[PDB]
Amino acid sequence: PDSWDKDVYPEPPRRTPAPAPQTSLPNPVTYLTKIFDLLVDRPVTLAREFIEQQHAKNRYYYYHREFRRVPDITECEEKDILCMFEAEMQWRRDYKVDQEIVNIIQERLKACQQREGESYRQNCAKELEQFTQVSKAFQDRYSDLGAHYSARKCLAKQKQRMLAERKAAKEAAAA
Amino acid sequence: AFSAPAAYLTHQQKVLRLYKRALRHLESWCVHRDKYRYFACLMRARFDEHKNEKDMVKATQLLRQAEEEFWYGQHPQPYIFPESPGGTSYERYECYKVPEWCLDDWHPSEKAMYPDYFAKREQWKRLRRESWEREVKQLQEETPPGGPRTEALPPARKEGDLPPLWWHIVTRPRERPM
Amino acid sequence: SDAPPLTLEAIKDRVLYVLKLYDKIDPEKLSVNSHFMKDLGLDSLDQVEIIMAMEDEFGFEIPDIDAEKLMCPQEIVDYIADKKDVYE
Amino acid sequence: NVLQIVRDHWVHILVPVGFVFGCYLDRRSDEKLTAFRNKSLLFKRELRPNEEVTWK
Amino acid sequence: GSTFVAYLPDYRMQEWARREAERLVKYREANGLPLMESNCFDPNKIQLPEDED
Amino acid sequence: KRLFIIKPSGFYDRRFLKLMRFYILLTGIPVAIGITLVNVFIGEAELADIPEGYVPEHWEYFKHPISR
Amino acid sequence: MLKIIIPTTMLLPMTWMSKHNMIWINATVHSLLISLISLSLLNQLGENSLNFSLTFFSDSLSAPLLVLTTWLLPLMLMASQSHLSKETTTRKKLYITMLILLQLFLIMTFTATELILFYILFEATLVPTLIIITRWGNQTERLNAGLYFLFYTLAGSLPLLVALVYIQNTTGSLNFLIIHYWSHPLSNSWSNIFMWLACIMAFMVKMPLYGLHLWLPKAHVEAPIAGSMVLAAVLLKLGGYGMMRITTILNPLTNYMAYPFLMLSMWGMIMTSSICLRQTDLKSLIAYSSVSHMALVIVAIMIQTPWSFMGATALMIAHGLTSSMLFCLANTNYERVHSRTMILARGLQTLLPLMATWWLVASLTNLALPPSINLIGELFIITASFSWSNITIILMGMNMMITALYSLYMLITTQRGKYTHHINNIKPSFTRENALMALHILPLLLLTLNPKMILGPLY
Ligand SMILES: CCCCCCCCCCCCCCCCC[C@@H](O)O[C@H](CO[C@H](O)CCCCCCCCCCCCCCC)COP(=O)(O)OCC[N+](C)(C)C
Ligand SMILES: CCCCCCCCCCCCCCCCC[C@@H](O)O[C@H](CO[C@H](O)CCCCCCCCCCCCCCC)COP(=O)(O)OCC[N+](C)(C)C
Ligand SMILES: CCCCCCCCCCCC(=O)SCCNC(=O)CCNC(=O)[C@H](O)C(C)(C)COP(=O)(O)O
């Protein structure tokens with residue numbers, strides 16, 4: 001349905017085979033689905049139609065809240081408490097959004113594994129690669145901060161990683 | 001379980017107990033009835049061979065060898081009656097046994113049902129109450145001055161007496177209460 | 001349902017039945033109040049065998065301290081009745 | 001007759017009255033921390049043609 | 001109280017975070033950028049010490 | 001034949017269970033009926049974009065009517 | 001947040017102005033109303049706390065504790081009116097006053113923005129508890145217990161005070177927000193080591209830590225039922241809350257200063273779980289159970305990870321509810337038979353079936369059956385410890401077995417078997433006791449339904 005974007009949560013084109021009977025005996029599954037349809041699916045559809053008719057007469061809306069971008073922790077003086085507070089809150093919001101991104105990728109991976117059946121080791125390599133990249137980036141960003149994490153500790157971790165990478169590059173250029 | 005124990009078991013009592021245990025374990029070994037009867041007769045002859053020993057020391061020494069032989073040749077998994085202290089139903093119904101004094105705490109609505117039963121209960125309680133002073137005095141009279149020496153209790157001897165300490169023996173819950 | 005409500009008459013009948021199949025007692029000479037050592041001339045081993053036969057017949061064990069005291073068929077019937085909560 | 005009822009059950013308004021007094025004191029405390037009202041970089045906003053303050 | 005707690009408004013911003021993540025995933029997948037970056041801060045605003053020797 | 005079965009007093013446990021059920025239902029059946037009525041006749045808000053120049057109230061950022 | 005503080009200070013004169021036979025009703029009704037009011041603090045944010053004023057604030061870690069305290073007060077009131085029936089009116093009002101003052105001090109402690117104010121309130125909580133224990137306890141050991149309860153606390157807390165003022169002369173502020181934002185690493189020097197010890201030992205002795213726990217069995221055994229309830233369910237969580245708060249300024253010293261305390265916590269958790277296996281006193285068994293659970297919480301706080309903090313918060317809430325229920329269940333039997341020996345009254349399932357059901361549910365929750373919040377906290381802590389070091393799964397696993405054993409042991413000792421013959425004064429369970437059990441147990445599963453309310457700020 002149009003409830004969720006089909007780009008963020010993609011799916012294959014869903015090819016299914018046609019019924020090709022070969023036996024003269026009746027298919028009990030066919031009569032069972034017909035009975036289930038006529039006995040369950042239609043009253044439920046009528047109830048849902050009534051509920052949606054009632055909902056259509058009372059239409060009100062809710063909105064996604066928008067947040068501006070404030071200066072980061074790098075643009076804050078050492079003891080400026082107000083800027084530190086705003087940057088810290090922005091960092092926490094970004095951390096939550098990154099967690100949800102990882103959640104989306106993991107849901108994609110799980111759905112692929114269930115969907116592809118017995119070919120999942122070959123037919124879901126792309127989802128595994130996306131999860132590998134996202135997990136590596138997330139681990140480099142937020143791992144080992146521990147309880148009492150903050151934007152300052154994340155910045156210190158990034159600076160340490162940057163120093164290590166710069167030293168490695170400068171010594172490799174010497175080779 | 002009903003009889004008061006003694007300070008010790010006599011030699012004859014020990015011999016009889018060993019005889020019964022040997023017969024039961026031999027039956028556990030010999031499943032079929034005819035084979036069991038054959039070997040039980042053999043065991044009976046073996047027992048009554050040394051029945052007439054006037055030397056008590058040699059008798060107790062023979063009993064010692066008998067116990068050693070029984071312990072070596074006992075059945076590892078002897079047959080136990082289901083309600084015996086080793087059986088599969090030993091204490092199966094103990095969870096259904098409720099003491100009678102609990103009925104004293106029933107709500108009057110519960111006691112509204114079964115009126116005649118509670119009338120009989122009142123009669124029994126009155127009889128116990130009347131009986132208690134006499135039961136205590138009889139136990140006081142019949143006790144040796146150096147305290148009781150066994151766990152046996154005297155019967156009732158007077159015209160309308162009751163045997164002392166009878167309430168909890170008479171009002172046992174049941175063997176199959178619920 | 002389950003087993004019928006065993007009665008005193010049934011217990012006495014079963015005990016006398018078991019005793020009358022014993023080769024060492026005379027069925028005519030045996031009565032409900034006949035003593036094992038006095039009237040019937042049995043020894044302690046025969047009494048143990050009789051107790052074991054009663055145990056087999058009724059399917060429950062009698063402790064040795066209690067079994068030592070039962071000397072007449074009436075006593076055996078009474079012990080069984082008090083053990084199994086039989087009053088009629 | 002309400003005299004006895006009141007003199008017996010007037011202790012039942014102390015806690016609700018304390019609740020209302022606490023709410024009022026919380027509002028009084030809130031009114032003394034408005035130095036940054038509509039001044040944060042994240043929530044700074046233009047006033048509506050009628051409203052005077054973004055929050056109380 | 002259980003009814004009140006069950007219907008507490010989402011002040012933890014879970015649904016908002018999910019929608020923000022959906023937007024960002026859609027954008028970065030459409031334009032081919034990586035889904036996440038190992039750096040949470042732009043290196044242009046970070047000034048490393050001049051000398052490492 | 002029928003005998004008397006000795007049991008502890010079952011009046012008080014039954015009374016407590018009945019009272020607890022009565023009070024829980026007394027306050028919870030109206031709550032369930034009201035929740036069902038609200039769900040049926042006042043559905044959830046539909047997600048939409050903020051129109052230009054509009055500043056929504058805070059409770060407008062939630063979707064369920066009871067939460068709002 | 002004065003909307004919660006003021007109604008308790010109003011509970012005070014309402015109790016002191018009540019008619020002689022209406023104190024319990026008024027106190028219970030208005031305490032339940034105050035709990036309903038305090039229920040609104042569960043609506044927390046995802047980024048920062050609820051900064052009500054310069055003095056008080058509410059966080060996702062303190063709101064469940066406040067709700068638990070305000071919910072526990074009425075339960076204490078119901079559990080206390082049985083054994084205080086023969087008391088005079090003035091002494092009953094004094095007892096209720098002690099309970100109300102304890103609740104007020106705990107409420108102000110859990111929301112103080114300032115560490116010295118937190119110290120003052122967290123130390124003020126001693127006086128009502130000490131008075132309750134030494135005045136309304138039953139046996140002559142109570143006096144000694146009070147002393148053991150007092151100095152054990154004070155010897156741990158007086159150094160902390162010094163450390164606190166020292167910090168305020170160095171950083172200039174003890175406000176928690178400024179302390180968090182202006183945090184700086186602790187160097188590796190002897191002075192910093194002793195400052196760490198001074199900041200930690202008070203909360204470690206209030207947990208209590210293994211080896212420092214000797215006061216707890218005395219205090220929880222000689223106290224009245226309400227005293228035991230408040231000591232086990234809330235007053236032990238002061239140490240956990242204080243450690244979670246104060247650890248923000250102790251990094252990275254903790255990285256190696258936690259080794260002796262981690263070792264003590266794990267081995268003493270095993271030791272106290274084993275001690276529970278041979279206990280002739282039923283109250284002491286519950287006390288040592290509390291010691292084991294709090295050792296687990298100490299490990300979780302000491303390893304300093306988000307999953308550990310979540311599990312620790314859930315475990316504190318679940319342990320508070322469960323231990324209070326267990327103490328009340330034991331007190332019912334004590335009031336019936338006037339003895340605390342576990343093997344005295346046996347086979348109580350035959351005589352009290354609904355009480356046996358309450359016992360079964362309490363024991364099942366004590367051994368962390370899924371999906372109870374006890375299990376959620378324990379499993380989160382165990383996963384965090386496994387990440388810390390794979391070998392911990394041995395010791396933790398050991399504890400998981402032992403707990404179950406002793407838990408079921410208690411049940412099998414008290415409810416199953418055959419009833420004692422000479423005990424004939426076991427009356428049917430009152431509606432008050434059944435209601436107490438239900439009000440203890442229903443919130444546990446209701447929180448199981450929505451577990452994110454007790455998972456703390458790291459959620
Ligand atoms: C006596 C015999 C009993 C047996 C028979 C019983 C008959 C059936 C009754 C049992 C019910 C079965 C449970 C099945 C689950 C249905 C309920 C569930 O769906 O509700 C949850 C809701 O549960 C509540 O959130 C949990 C209740 C809160 C608990 C607070 C306890 C009250 C406070 C008292 C003091 C607390 C002390 C402890 C300190 C913390 C849903 O959570 P959520 O995913 O969100 O909902 C999403 C949709 N919303 C948000 C729009 C609502
Ligand atoms: C009953 C239970 C109560 C609770 C128990 C609480 C546990 C408290 C234990 C304190 C933990 C550690 C304390 C000090 C940290 C290191 C300990 C020491 O052994 O390590 C070496 C210390 O070296 C030597 O051990 C010197 C210390 C020897 C003197 C200490 C006395 C120890 C005796 C133990 C008595 C038991 C104490 C508890 C009494 C109740 C490290 O070498 P060094 O690099 O140089 O010191 C680091 C500090 N620097 C960086 C400033 C230099
Ligand atoms: C299954 C494997 C285990 C096999 C164990 C069995 C093997 C051991 C069999 C041999 C042991 C003996 O005979 S040991 C023989 C012990 N010697 C004596 O007893 C001599 C004195 N006689 C008496 O005491 C009484 O006459 C008494 C005999 C009790 C009769 O009692 P009553 O007349 O008043 O009923």
# chains A, B, ... in the order shown; residues from 1 in each chain; ligands from 1
>>> residues_around(residues="residue 55 (chain D)", least_positions_apart="3", cutoff="10 Å", atoms="only C-alpha atoms", output="PyMOL selection string")
chain D and resi 34+37-38+51-52
>>> write_last_selection(atoms="N, CA, C and O atoms", output="short mmCIF file (atom, residue, chain, number, x, y, z; two decimals), in the first residue's frame")
data_model
loop_
_atom_site.label_atom_id
_atom_site.label_comp_id
_atom_site.auth_asym_id
_atom_site.auth_seq_id
_atom_site.Cartn_x
_atom_site.Cartn_y
_atom_site.Cartn_z
N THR D 34 12.38 33.21 32.17
CA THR D 34 12.01 33.59 30.82
C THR D 34 13.07 34.45 30.14
O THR D 34 12.75 35.21 29.22
N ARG D 37 13.25 33.29 26.45
CA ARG D 37 12.01 32.99 25.75
C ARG D 37 12.06 33.52 24.33
O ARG D 37 12.33 34.71 24.10
N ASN D 38 11.81 32.63 23.36
CA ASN D 38 11.84 32.96 21.94
C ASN D 38 13.20 33.50 21.52
O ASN D 38 13.32 34.32 20.61
N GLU D 51 -0.54 37.40 19.16
CA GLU D 51 0.05 36.85 20.37
C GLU D 51 1.22 37.70 20.85
O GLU D 51 1.90 38.37 20.07
N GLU D 52 1.44 37.68 22.17
CA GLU D 52 2.46 38.50 22.81
C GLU D 52 3.69 37.71 23.22
O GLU D 52 4.81 38.21 23.11
#
>>> residues_near_ligand(ligand="ligand 2", cutoff="8 Å", atoms="only C-alpha atoms and all ligand atoms", output="PyMOL selection string")
chain G and resi 188-190+193+197+201+209-212+257-261+264
>>> write_last_selection(atoms="N, CA, C and O atoms", output="CSV table (one decimal), in the first residue's frame")
chain,number,residue,atom,x,y,z
G,188,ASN,N,45.6,10.1,37.1
G,188,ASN,CA,45.9,9.0,37.8
G,188,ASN,C,47.0,9.4,38.9
G,188,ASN,O,48.2,9.3,38.7
G,189,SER,N,46.4,9.9,40.0
G,189,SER,CA,47.3,10.2,41.2
G,189,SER,C,46.6,9.7,42.4
G,189,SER,O,45.4,9.3,42.4
G,190,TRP,N,47.4,9.7,43.5
G,190,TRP,CA,46.9,9.2,44.8
G,190,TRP,C,45.7,10.0,45.3
G,190,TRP,O,44.7,9.5,45.8
G,193,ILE,N,42.7,9.1,43.4
G,193,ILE,CA,42.2,7.8,43.9
G,193,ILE,C,41.4,7.9,45.1
G,193,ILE,O,40.3,7.3,45.3
G,197,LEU,N,37.4,7.2,45.9
G,197,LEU,CA,36.9,6.3,47.0
G,197,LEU,C,35.9,7.1,47.8
G,197,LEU,O,34.9,6.5,48.2
G,201,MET,N,32.2,5.4,48.1
G,201,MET,CA,32.0,4.5,49.2
G,201,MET,C,30.7,4.6,49.9
G,201,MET,O,30.1,3.6,50.3
G,209,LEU,N,27.3,-3.2,49.3
G,209,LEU,CA,28.3,-4.0,48.6
G,209,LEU,C,28.6,-5.2,49.5
G,209,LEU,O,28.5,-5.1,50.7
G,210,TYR,N,29.0,-6.3,48.9
G,210,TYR,CA,29.4,-7.5,49.6
G,210,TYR,C,30.6,-7.2,50.5
G,210,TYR,O,31.6,-6.6,50.0
G,211,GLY,N,30.6,-7.6,51.7
G,211,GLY,CA,31.6,-7.3,52.7
G,211,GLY,C,31.2,-6.0,53.5
G,211,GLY,O,31.6,-6.0,54.7
G,212,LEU,N,30.4,-5.1,53.0
G,212,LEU,CA,29.9,-4.0,53.7
G,212,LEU,C,28.4,-4.1,54.0
G,212,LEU,O,27.7,-3.1,54.3
G,257,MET,N,39.6,1.4,38.6
G,257,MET,CA,39.2,1.4,40.0
G,257,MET,C,38.0,0.5,40.4
G,257,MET,O,37.7,0.3,41.5
G,258,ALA,N,37.4,0.0,39.3
G,258,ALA,CA,36.2,-0.9,39.5
G,258,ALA,C,36.6,-2.4,39.8
G,258,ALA,O,35.7,-3.1,40.2
G,259,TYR,N,37.9,-2.7,39.6
G,259,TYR,CA,38.2,-4.2,39.7
G,259,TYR,C,37.9,-4.8,41.1
G,259,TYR,O,37.3,-5.8,41.1
G,260,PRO,N,38.4,-4.2,42.2
G,260,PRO,CA,38.1,-4.8,43.5
G,260,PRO,C,36.6,-4.9,43.7
G,260,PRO,O,36.1,-5.9,44.2
G,261,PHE,N,35.8,-3.8,43.3
G,261,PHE,CA,34.4,-3.8,43.6
G,261,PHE,C,33.7,-4.8,42.6
G,261,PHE,O,32.7,-5.4,43.1
G,264,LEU,N,34.3,-8.2,44.2
G,264,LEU,CA,33.5,-8.4,45.3
G,264,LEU,C,32.1,-8.6,45.0
G,264,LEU,O,31.4,-9.5,45.5
>>> residues_around(residues="region 166-178 of chain G", least_positions_apart="3", cutoff="10 Å", atoms="only C-alpha atoms", output="PyMOL selection string")
(chain A and resi 81+85) or (chain G and resi 48-49+51+54-55+57+112-117+160-163+181-184+195+245-246+248)
>>> residues_near_ligand(ligand="ligand 3", cutoff="9 Å", atoms="only C-alpha atoms and all ligand atoms", output="ChimeraX atom specification")
/B:11-16,18-19,21-29,43-56,58-75 /C:42-48
>>> residues_around(residues="residue 221 (chain G)", least_positions_apart="3", cutoff="8 Å", atoms="only C-alpha atoms", output="PyMOL selection string")
chain G and resi 217-218+228+283-284+287
>>> residues_around(residues="region 31-36 of chain E", least_positions_apart="4", cutoff="12 Å", atoms="only C-alpha atoms", output="PyMOL selection string")
(chain A and resi 8+94-95+97-102+104-105+129-142) or (chain E and resi 21-27+40)
>>> write_last_selection(atoms="C-alpha atoms", output="PDB file, in the first residue's frame")
ATOM      1  CA  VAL A   8      13.118   3.127   1.180  1.00  0.00           C
ATOM      2  CA  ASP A  94      21.385  13.090  14.953  1.00  0.00           C
ATOM      3  CA  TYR A  95      22.396  10.012  16.973  1.00  0.00           C
ATOM      4  CA  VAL A  97      18.302   9.416  13.412  1.00  0.00           C
ATOM      5  CA  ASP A  98      21.410   7.328  12.693  1.00  0.00           C
ATOM      6  CA  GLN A  99      20.039   4.546  14.902  1.00  0.00           C
ATOM      7  CA  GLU A 100      16.820   4.564  12.885  1.00  0.00           C
ATOM      8  CA  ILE A 101      18.788   4.433   9.612  1.00  0.00           C
ATOM      9  CA  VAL A 102      20.556   1.292  10.833  1.00  0.00           C
ATOM     10  CA  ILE A 104      15.812   0.455   8.287  1.00  0.00           C
ATOM     11  CA  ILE A 105      18.808  -1.310   6.738  1.00  0.00           C
ATOM     12  CA  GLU A 129      26.923  -5.194   1.659  1.00  0.00           C
ATOM     13  CA  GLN A 130      24.749  -2.191   2.530  1.00  0.00           C
ATOM     14  CA  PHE A 131      24.474  -3.417   6.119  1.00  0.00           C
ATOM     15  CA  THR A 132      28.242  -3.922   6.282  1.00  0.00           C
ATOM     16  CA  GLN A 133      28.896  -0.351   5.126  1.00  0.00           C
ATOM     17  CA  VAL A 134      26.276   1.166   7.443  1.00  0.00           C
ATOM     18  CA  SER A 135      27.443  -0.874  10.439  1.00  0.00           C
ATOM     19  CA  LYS A 136      31.076   0.090   9.846  1.00  0.00           C
ATOM     20  CA  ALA A 137      30.182   3.787   9.656  1.00  0.00           C
ATOM     21  CA  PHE A 138      27.984   3.570  12.768  1.00  0.00           C
ATOM     22  CA  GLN A 139      30.675   1.709  14.722  1.00  0.00           C
ATOM     23  CA  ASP A 140      33.292   4.292  13.760  1.00  0.00           C
ATOM     24  CA  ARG A 141      30.906   7.055  14.834  1.00  0.00           C
ATOM     25  CA  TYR A 142      29.428   5.949  18.139  1.00  0.00           C
TER      26      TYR A 142
ATOM     27  CA  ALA E  21      15.698   8.421   8.766  1.00  0.00           C
ATOM     28  CA  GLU E  22      13.325   7.540   5.925  1.00  0.00           C
ATOM     29  CA  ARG E  23      13.865  10.963   4.339  1.00  0.00           C
ATOM     30  CA  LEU E  24      17.648  10.735   4.650  1.00  0.00           C
ATOM     31  CA  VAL E  25      17.792   7.162   3.329  1.00  0.00           C
ATOM     32  CA  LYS E  26      15.632   8.096   0.338  1.00  0.00           C
ATOM     33  CA  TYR E  27      17.788  11.124  -0.486  1.00  0.00           C
ATOM     34  CA  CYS E  40      29.900  12.952  12.451  1.00  0.00           C
TER      35      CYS E  40
END
>>> residues_around(residues="residue 125 (chain B)", least_positions_apart="4", cutoff="12 Å", atoms="only C-alpha atoms", output="list in words")
residues 100, 101, 104, 118, 119, 120, 121, 129, 130, 131, 132, 167 and 171 of chain B
>>> write_last_selection(atoms="N, CA and C atoms", output="compact mmCIF listing (two decimals), in the first residue's frame")
# COMPACT_ATOMS: atom_id res chain seq x y z
N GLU B 100 -9.82 -30.76 60.84
CA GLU B 100 -11.21 -30.46 61.13
C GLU B 100 -11.40 -29.06 61.70
N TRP B 101 -10.42 -28.53 62.45
CA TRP B 101 -10.60 -27.22 63.07
C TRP B 101 -10.79 -26.12 62.04
N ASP B 104 -14.15 -24.58 61.80
CA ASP B 104 -14.52 -23.56 62.77
C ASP B 104 -14.43 -22.16 62.20
N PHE B 118 -23.21 -29.81 61.10
CA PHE B 118 -22.63 -28.91 62.09
C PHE B 118 -23.27 -29.10 63.46
N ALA B 119 -24.53 -29.53 63.51
CA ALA B 119 -25.12 -29.90 64.80
C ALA B 119 -24.39 -31.09 65.42
N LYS B 120 -24.11 -32.12 64.61
CA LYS B 120 -23.33 -33.26 65.10
C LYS B 120 -21.93 -32.83 65.52
N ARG B 121 -21.34 -31.89 64.78
CA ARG B 121 -20.03 -31.35 65.17
C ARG B 121 -20.09 -30.67 66.53
N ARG B 129 -15.16 -31.50 75.27
CA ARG B 129 -14.99 -30.53 76.35
C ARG B 129 -15.33 -31.14 77.70
N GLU B 130 -16.42 -31.89 77.79
CA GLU B 130 -16.78 -32.51 79.06
C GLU B 130 -15.76 -33.55 79.51
N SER B 131 -15.31 -34.34 78.55
CA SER B 131 -14.35 -35.42 78.73
C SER B 131 -12.92 -35.04 79.14
N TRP B 132 -12.47 -33.86 78.74
CA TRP B 132 -11.08 -33.47 78.98
C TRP B 132 -10.59 -33.42 80.42
N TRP B 167 -8.96 -37.41 70.90
CA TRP B 167 -9.60 -36.55 69.91
C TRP B 167 -8.92 -36.64 68.55
N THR B 171 -10.62 -38.33 65.21
CA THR B 171 -10.92 -37.41 64.11
C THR B 171 -9.75 -37.29 63.13
>>> select_by_dssp(residues="chain C", states="alpha helix (DSSP H)", output="PyMOL selection string")
chain C and resi 8-20+44-58+64-67+73-83
>>> closest_residue(among="F:55, F:45, F:17, F:35", to="ligand 1", atoms="only C-alpha atoms and all ligand atoms")
F:17
>>> interface_residues(of="chain B", to="chain C", cutoff="8 Å", atoms="only C-alpha atoms", output="list in words")
residues 1, 2, 3, 5, 16, 17, 20, 81, 82, 83, 84, 174 and 175 of chain B
>>> write_last_selection(atoms="N, CA, C and O atoms", output="PDB file, in the first residue's frame")
ATOM      1  N   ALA B   1       2.529 -48.891  63.042  1.00  0.00           N
ATOM      2  CA  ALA B   1       2.313 -47.455  63.149  1.00  0.00           C
ATOM      3  C   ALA B   1       1.386 -47.123  64.310  1.00  0.00           C
ATOM      4  O   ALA B   1       1.466 -46.042  64.891  1.00  0.00           O
ATOM      5  N   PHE B   2       0.503 -48.061  64.645  1.00  0.00           N
ATOM      6  CA  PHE B   2      -0.467 -47.862  65.714  1.00  0.00           C
ATOM      7  C   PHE B   2       0.059 -48.250  67.088  1.00  0.00           C
ATOM      8  O   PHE B   2      -0.423 -47.719  68.094  1.00  0.00           O
ATOM      9  N   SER B   3       1.030 -49.154  67.157  1.00  0.00           N
ATOM     10  CA  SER B   3       1.496 -49.690  68.426  1.00  0.00           C
ATOM     11  C   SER B   3       2.702 -48.913  68.938  1.00  0.00           C
ATOM     12  O   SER B   3       3.571 -48.494  68.169  1.00  0.00           O
ATOM     13  N   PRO B   5       6.251 -48.380  70.366  1.00  0.00           N
ATOM     14  CA  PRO B   5       7.470 -49.189  70.269  1.00  0.00           C
ATOM     15  C   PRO B   5       8.037 -49.513  71.643  1.00  0.00           C
ATOM     16  O   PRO B   5       7.688 -48.911  72.660  1.00  0.00           O
ATOM     17  N   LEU B  16      12.326 -62.902  62.908  1.00  0.00           N
ATOM     18  CA  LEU B  16      11.095 -62.830  62.123  1.00  0.00           C
ATOM     19  C   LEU B  16      11.169 -61.732  61.069  1.00  0.00           C
ATOM     20  O   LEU B  16      10.728 -61.923  59.927  1.00  0.00           O
ATOM     21  N   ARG B  17      11.711 -60.567  61.437  1.00  0.00           N
ATOM     22  CA  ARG B  17      11.832 -59.477  60.476  1.00  0.00           C
ATOM     23  C   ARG B  17      12.759 -59.853  59.327  1.00  0.00           C
ATOM     24  O   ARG B  17      12.460 -59.573  58.158  1.00  0.00           O
ATOM     25  N   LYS B  20      10.878 -62.232  57.001  1.00  0.00           N
ATOM     26  CA  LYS B  20       9.933 -61.546  56.123  1.00  0.00           C
ATOM     27  C   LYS B  20      10.652 -60.791  55.010  1.00  0.00           C
ATOM     28  O   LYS B  20      10.230 -60.835  53.846  1.00  0.00           O
ATOM     29  N   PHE B  81       4.727 -52.019  47.802  1.00  0.00           N
ATOM     30  CA  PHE B  81       3.307 -51.752  47.651  1.00  0.00           C
ATOM     31  C   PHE B  81       3.105 -50.265  47.370  1.00  0.00           C
ATOM     32  O   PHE B  81       3.831 -49.427  47.918  1.00  0.00           O
ATOM     33  N   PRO B  82       2.149 -49.903  46.510  1.00  0.00           N
ATOM     34  CA  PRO B  82       2.073 -48.510  46.039  1.00  0.00           C
ATOM     35  C   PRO B  82       1.939 -47.483  47.149  1.00  0.00           C
ATOM     36  O   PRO B  82       2.454 -46.368  47.007  1.00  0.00           O
ATOM     37  N   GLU B  83       1.275 -47.819  48.252  1.00  0.00           N
ATOM     38  CA  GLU B  83       1.064 -46.881  49.346  1.00  0.00           C
ATOM     39  C   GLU B  83       2.077 -47.047  50.471  1.00  0.00           C
ATOM     40  O   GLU B  83       1.955 -46.381  51.503  1.00  0.00           O
ATOM     41  N   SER B  84       3.069 -47.912  50.295  1.00  0.00           N
ATOM     42  CA  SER B  84       4.120 -48.096  51.280  1.00  0.00           C
ATOM     43  C   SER B  84       5.121 -46.945  51.209  1.00  0.00           C
ATOM     44  O   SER B  84       5.152 -46.201  50.228  1.00  0.00           O
ATOM     45  N   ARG B 174      -9.042 -38.601  56.706  1.00  0.00           N
ATOM     46  CA  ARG B 174      -9.473 -39.844  56.070  1.00  0.00           C
ATOM     47  C   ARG B 174      -8.273 -40.452  55.357  1.00  0.00           C
ATOM     48  O   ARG B 174      -7.206 -39.833  55.305  1.00  0.00           O
ATOM     49  N   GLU B 175      -8.421 -41.655  54.806  1.00  0.00           N
ATOM     50  CA  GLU B 175      -7.392 -42.180  53.920  1.00  0.00           C
ATOM     51  C   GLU B 175      -7.557 -41.695  52.487  1.00  0.00           C
ATOM     52  O   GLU B 175      -6.558 -41.575  51.768  1.00  0.00           O
TER      53      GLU B 175
END
>>> atom_distance(atom1="CA of residue 21 (chain C)", atom2="CA of residue 81 (chain C)")
22.0 Å
>>> residues_around(residues="residue 103 (chain B)", least_positions_apart="5", cutoff="9 Å", atoms="only C-alpha atoms", output="number ranges by chain")
B: 111; F: 6-9
>>> residues_near_ligand(ligand="ligand 1", cutoff="9 Å", atoms="only C-alpha atoms and all ligand atoms", output="ChimeraX atom specification")
/E:1-10 /F:17-18,20-21,64,66-67 /G:35-36,39,42,63-72,317-318,320-321,439-440,442-451,453-454
>>> closest_atom_pairs(of="chain D", to="chain A", cutoff="10 Å", atoms="only C-alpha atoms", output="CSV")
residue,atom,partner,partner_atom,distance
D:40,CA,A:86,CA,8.3
D:41,CA,A:70,CA,6.5
D:42,CA,A:68,CA,5.8
D:43,CA,A:68,CA,8.2
D:44,CA,A:68,CA,9.9
>>> interface_residues(of="chain F", to="chain D", cutoff="12 Å", atoms="only C-alpha atoms", output="PyMOL selection string")
chain F and resi 53-58
>>> interface_residues(of="chain G", to="chain A", cutoff="6 Å", atoms="only C-alpha atoms", output="VMD selection string")
chain G and resid 304 to 306
>>> interface_residues(of="chain G", to="chain B", cutoff="10 Å", atoms="only C-alpha atoms", output="JSON, numbers by chain")
{"G": [347, 349, 350, 351, 416, 417, 418, 419, 420, 421, 424, 425, 426, 427, 428]}
>>> closest_residue(among="G:45, G:8, G:111, G:38", to="residue 11 (chain E)", atoms="only C-alpha atoms")
G:45
>>> interface_residues(of="chain F", to="chain E", cutoff="12 Å", atoms="only C-alpha atoms", output="ChimeraX atom specification")
/F:24,27-28,30-32,34-35,47,58-68
